[PDB]
């Protein structure tokens, strides 16, 4: 059963929770609360590069969010069925992570800038990302971005869209395909559960998480 090392909050680890959950995998979490716990982790050489996320799985201690995500995907049929697919999924995912980053950085912005930022996510989403996906979907009519099966691309996208909606609730207004897609995906049982109460899905970060992260790093 995988073990997740990270502070108790979303940050960069959330994607990993999403994927694991979606793949139907149960896992554990070991929260960081202080510099010191981080040191111990570091000290025992558990963090290849001294950072988290780190996830212990299949006897390894993987680090680097993307690397971790690829591993899981590949262990769980979330990476396509061939190079072509794999290639698409990869790109989609990277592009998406670039959008998600805005959300990740958000809480650490200066309150003043926080607002300008939301506007920016809105614009990027609307203009740079949503349209690509909307068209993809519109173009093949399937419920998945790639290969008519769930992929890592769909989870990250789903994760991101929902996160955005938390700040800009109507962000999908003009993306009817994306709206439907979201809906369905969210009805996938593992996902449906993850979205339900008592999942390891984390809440949007608060003043505390923020404080804490600062305290550990």
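Positions refer to the first chain, counted from 1.
When the two stretches 134-142 and 94-102 are set side by side, the higher mean Cα temperature factor goes to 134-142.
Stretch comparison (124-132 versus 78-86) by mean CA B-factor in the PDB entry places 78-86 on top.
Comparing the C-alpha B-factors of 47, 178, 38, 162 in the entry, the top value falls on 38.
Residue 61: CA B factor lies in the middle third for its chain, per the PDB record. Ranked against the other modelled residues of its chain, the C-alpha B-factor of residue 172 as given in the entry falls in the middle third. Ranked by C-alpha B-factor against the other modelled residues of its chain, residue 11 falls in the lowest third. In the PDB entry, residue 33 places in the highest third of its chain by CA B-factor.
Looking at the C-alpha B-factors along this chain, the one for residue 195 belongs to the highest third.
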